[PDB]
Every structure is written in structure tokens, then in C-alpha cells.
């Protein structure tokens, strides 16, 4: 509808990808398909990747990807979607700012110089992708230094829908809570992503602190299974987990929670107050698949583009499947000049 109607915040990261071999995964004790945070023991990993293999660089970060995709589907006006995050004052940081602008997103960064711009290694093997996030500057986001400044907070107050990936809970749970409480107080929509199994395992306390404020929860089938185990649900059935998650304690009685769990090429599951329904993924051709992680970010971006236009949930799901089908066959969450969705 109008400028700054959709708000997002998270970790701005420059993706570094390359096809590697079994020896490289074994050397760093990497699982073929996984997403983890970079420890001190992984400093060797990033240098060896860039020195032993052919790498490509693409602007990334989960929430940033979803916001760029939402803006793409909205088309007009420019700057309908806002994004906040922290970066370094370097060449990598200039790449991220340049790409956010070309995407027509209203991006406002917290720039500092103690830490370099964050990066994320994507170690590819065939149809598998092992991700390692070295947050660096991204982990320096401080609400008192950015989110709380008058000029920035005003942008959050213009939003009708807010979205933050669960990944940001490892950096600023206080920022996530300030935004979630504001939405609850002003009967606006607050949405969140489970993001990765490690969020439901090691950061479950911050996750459960924010849950009462979550109007719409997104996640894939492995994140749903981990969340169920850690919360003691005692079931591994995706439809039952969606039902129990939907029923969790909620603050704002004016909006019932909606839970959406994707299952790759299998049906997308949606739980509402009254039932649990399934939506087929009609794009079944596997041949040209490239990036399933980015496909999940694009699914959320498509869904959000229709939620701000006030469309039925059926249409939000169709838009999510459409955007995921475009991004899944490309690198760097890129897409054609204009969407073909009416």
C-alpha cells in the first residue's frame, strides 16, 4: 500500500559460496546440510575456502532476503519495505548497502568500526549446502544506539506488518521484544521465523519469551521437529505439532495465531484456531533446483507481500509458492526484472 508499511530487522551478511569436497567437510566437521554460527575454531575455514576453491559473493542475510523479495512482489511504491541491521565500514559493507538500494528497500544501517561486516560461508556438495555464519558486525547491533533513536523508531511506527527471523534472537532479544510489544499494544501484525534447529535448542528461552506476541510463525519441517522435541510436545507428526504450536499462550486476544510449516517438495501446512489444512507445491520439477535455503526466505517474502495488501491467506500461500519457485532455481535470491503474479 504505502511506504514503510512493512518492517524487518536482522543480520546483514555477505554470502561466500563454493562447491567443495568431502575432505573439506571432514576437516571442519561439517554436516552436508546444516546451518550453524562460526566459532573461533572456524577462522581457518573462511581463508581456506577463498584460497582453494572458486567462490562467488552475493548480498544475503535471511531477513534481508525476505524483505527484498517482498518489495519485488509489491513493485509499487518503492520503499514499501524497511530494513534495520548492523554492518562494518568496509568494502563488504558497501556491497550490502548498494544492493539494498538497487532492491528499492528503505535500509537504515548501524555502522561501526570495531568489527568487520558479517559473512556466511555456503559449502556446497551436489544438492547439499552447509552454512557457517560469522556474524561479526551483525552481532554488534544495539537498540540504544539505533532502534531507539527518534528518526528510526518513527519508521517502525509506520508499519502495519513486522517480520524478524529467529536468527536475530542470538544478537538482540531486547530489540525483538520492543518491536513485538509495540505491535501487540497497537493491534498490528508481528511475525517470526524458527530459522534453524539451533534457535529452538540453545536459544529457546528468548524464543519462548517472544512467542506470546507472535501472530504468524514460519518454519520448515526440521525446525518444527526440533521445536516440538525441545518443548516436550511428545509427537513428531507435522500437523499435530502445528496444532499444539498454534495453541501456545497468546497475549493479544484480538488475533488468533497462524502457524505455517513448509515441507520442501511436500505440502505446506497451515494451522489456524479452527483447523489444520494442506497446500500442495505444484512446481515439482527437481532438475533446475539450486538453493533451498533462499527458497524458504523467498516463500516468506511472497507471503508478506500479500498480507500487507490485505489478501486472503489462500493468496498469501500462492504468492509464497510463486516466489519460492523463482528463487529456488537461481543463486543469491535473485529474480527477473518483474514478477508475473496478478
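Numbering follows the first chain given and starts at 1.
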Mean C-alpha temperature factor, higher of 62-70 and 46-54
46-54
Residue stretch of maximal mean CA temperature factor, 212-220 vs 244-252
244-252
Among 115, 263, 130, 193, which residue carries the highest C-alpha B-factor recorded in the PDB entry?
115
Among 235, 175, 170, 82, the highest C-alpha B-factor in the PDB entry belongs to 235
Residue 333 - Cα temperature factor, lowest/middle/highest third of chain
highest
Quick tally, chain-level thirds of C-alpha B-factors: residue 35 sits in the lowest
Record-listed C-alpha B factor of residue 125: chain third:
lowest
Ranking the modelled residues of this chain by C-alpha B-factor as given in the entry, is residue 277 in the lowest, middle or highest third?
highest
Among the chain's modelled residues, which third holds the C-alpha B-factor of residue 313?
lowest
